[PDB]
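Beneath this line is the structure, given in structure tokens, with notes to follow.
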Amino acid sequence: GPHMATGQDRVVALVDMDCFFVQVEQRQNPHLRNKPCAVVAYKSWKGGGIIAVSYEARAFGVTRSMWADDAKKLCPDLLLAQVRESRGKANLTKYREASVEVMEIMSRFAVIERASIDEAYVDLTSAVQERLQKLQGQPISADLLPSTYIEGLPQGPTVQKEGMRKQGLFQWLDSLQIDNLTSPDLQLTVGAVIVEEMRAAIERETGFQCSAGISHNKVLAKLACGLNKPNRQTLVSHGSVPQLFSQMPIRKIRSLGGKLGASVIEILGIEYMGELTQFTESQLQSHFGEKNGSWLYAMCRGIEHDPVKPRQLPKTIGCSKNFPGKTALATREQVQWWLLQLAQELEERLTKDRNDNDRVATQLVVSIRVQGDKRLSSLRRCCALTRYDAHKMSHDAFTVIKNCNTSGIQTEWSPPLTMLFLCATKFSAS
DNA sequence: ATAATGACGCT
DNA sequence: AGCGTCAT
Ligand SMILES: Nc1nc2c(ncn2[C@H]2C[C@H](O)[C@@H](COP(=O)(O)NP(=O)(O)OP(=O)(O)O)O2)c(=O)[nH]1
Ligand SMILES: [Mn+2]
Ligand SMILES: [Mn+2]
């Protein structure tokens, strides 16, 4: 009734770059602009695995996870860009540095939560209240929202894609309660005006294009972000959630794409997000635990309370390489060498981190995977990070895993390692 | 035999 | 402390 919290207290946006690693290479090499192209790591095996696909190549069916030699079967004119290699491994420095350019522009508008290398969450609540008071009381022109989609509109009593957008935008704006600085739909509209400005600044200042989702919480803005990619932004209001969730497959919601989402489907016998509304919170707490139960119950009414954390820098700095198949490390010296290669790149990035952000990692986590195991990591161990010295980090990382060699021979290493991963963490103000 | 990372929950 | 999940 009057005491049902509708999850409309905040304005939150999710900006995510369109085919990010591809845009970075396309800005650098103009010959790849507006062409089907992909980014690839390691051209030896089947031409390398594809990690990012432009939208022109997606049109032919090229996806990430594909081998470049298979993607050229689907698209013969596919242009490839290969990631820098340093010390025998992929090096993502170019994209990290591109990512920092974008984070700094978004930071100028609001406090952001770096959520990946190519996306950040924005909490625009206060900026919305600020803009609402300098607007005095003026209506909101559709000229302020040249790339916004209003999810669920048009509705009621034009055949092309941009025609629909306008007529949906017009309908929304025609309906807008301009008088009421408290109406949550007006605030989203104003959030969306700010996000247009911020997306323009990103494109003006980096040449990168991105999509954005604007809703009342992180989960809805993330889902909204995907609805009109690329180069568009989508407003999802509280009232569009019922129709939106009635055919929304469960797995498309953040944190439900895995086994939890699969057990919601199998146990509860449903397919779509909107179907969860029939269960009581207690029922959902019984099947999925108190925390998930409560979260599911509020979520399927479009209510979510996870806050935008004020974090623009990563909490961990990490460095890993896989060794699949016959290339799995099988001798002690081979393990030592790569641990040193990984420690060396970690050292350049730590030293850069300490001068740019004046903090220092204090703990070093070593994780490995053995051949024949099944999980991502097979063993995690940890020691102290006192000096930014690769040889010490290499030595210490080896020390705390060497007892895992079931090899009777000192020279050999079994079982063969298929993943080495080093991660500096527990950062303190420096 | 896509890889390379990063955040966070559970016990 | 060390493992498990979910993610881009
Ligand atoms: N190495 C590696 N990189 C990945 C992986 N997944 C993503 N990346 C890297 C490369 C990706 O470019 C970058 C951004 O990831 P997204 O936002 O999920 N997809 P993008 O921005 O490319 O397309 P869209 O327009 O659909 O958002 O993360 C992966 O599994 N492995
Ligand atoms: Mn992206
Ligand atoms: Mn992303």
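Proteins come first, then strands; the chains are lettered A, B, ... in the order of their sequence lines, and each starts at number 1.
In this structure, A:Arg96 reaches the B:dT5 phosphate: one of its side-chain N or O atoms is under 4.0 Å from OP1 or OP2. For A:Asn322 and B:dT2, the shortest distance from a side-chain N or O to OP1 or OP2 is not below 4.0 Å. Dashed line: the shortest gap from a side-chain N or O of A:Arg375 to OP1 or OP2 of C:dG4 is under 4.0 Å. At the phosphate of B:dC8, OP1 or OP2 sits under 4.0 Å from a side-chain N or O atom of A:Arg311. Between B:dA7 and A:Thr316, a contact under 4.0 Å exists linking OP1 or OP2 to a side-chain N or O. In this structure, A:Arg349 reaches the B:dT5 phosphate: one of its side-chain N or O atoms is under 4.0 Å from OP1 or OP2.
Remark: A:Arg301 qualifies as a cation-pi partner of A:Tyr297 under the 6.0 Å distance and 45° angle criteria applied to the six-membered ring. Geometric assessment of A:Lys321 against the ring of A:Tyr42 yields a positive cation-pi assignment under the 6.0 Å and 45° thresholds. Cation-pi contact between A:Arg232 and A:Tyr149: absent, since separation from the ring centre below 6.0 Å together with deviation from the ring axis within 45° is not met.
Between A:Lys89 atom NZ and B:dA1 atom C1' there is a gap of 18 Å when expressed in whole angstrom units. One can place CZ of A:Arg369 at 15 Å from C1' of C:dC3, the figure rounded to the nearest angstrom. In this entry the distance linking NZ of A:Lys291 with P of B:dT11 reads 12 Å, nearest Å. Between the P atom of C:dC3 and the CZ atom of A:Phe421 lies a distance of 14 Å, rounded to the nearest Å. Atom CG in A:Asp18 sits about 14 Å away from atom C1' in C:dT8, given to the nearest Å. One atom, CZ of A:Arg380, and another, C1' of B:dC10, lie 12 Å apart when rounded to the nearest Å. Taking atom CD of A:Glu113 as the reference point, atom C1' of C:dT8 lies 14 Å away to the nearest angstrom. Atom-to-atom, CG of A:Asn292 to P of B:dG9 comes out at 11 Å; the value is rounded to the nearest Å.
At the heavy-atom level, A:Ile50 lies under 4.0 Å from base atoms of the strands shown.
In this structure, A:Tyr42 does not pack face-to-face on the six-membered ring of B:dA3, missing the 5.5 Å centre cutoff or the 30° plane limit.
Distance from the side chain of A:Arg64 is smallest to C:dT8 among C:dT8, C:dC6, B:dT5. With distances taken from any side-chain atom of A:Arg381 to the nucleotides B:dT2, C:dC6, C:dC3, the minimum falls on C:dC3. Checking C:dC6, B:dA4, B:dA7 against every side-chain atom of A:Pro314, the shortest atom distance belongs to B:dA7. Of the candidates B:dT5, B:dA7, C:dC3, B:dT5 carries the atom nearest the A:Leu376 side chain, counting heavy atoms from C-beta on. When distances are taken from the side chain of A:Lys315 to each of B:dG6, B:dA7, C:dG2, the shortest belongs to B:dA7.
In this structure, A:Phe398 and A:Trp413 have tilted ring planes: the angle between them lies in the 30° to 60° band.
Side-chain atoms of A:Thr148 and A:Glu196 include a donor-acceptor pair closer than 3.5 Å.
Atom CD1 of residue A:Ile194 and atom CG of residue A:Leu144 lie 11.0 Å apart, to the nearest 0.5 angstrom.
Residue-to-nucleotide proximity on DNA chain B shows that, of A:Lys326 and A:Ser320, the 5′-proximal contact is made by A:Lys326. Where A:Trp45 and A:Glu345 meet DNA chain B, the nucleotide closest to each residue was compared, and A:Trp45 sits on the side nearer the 5' end.
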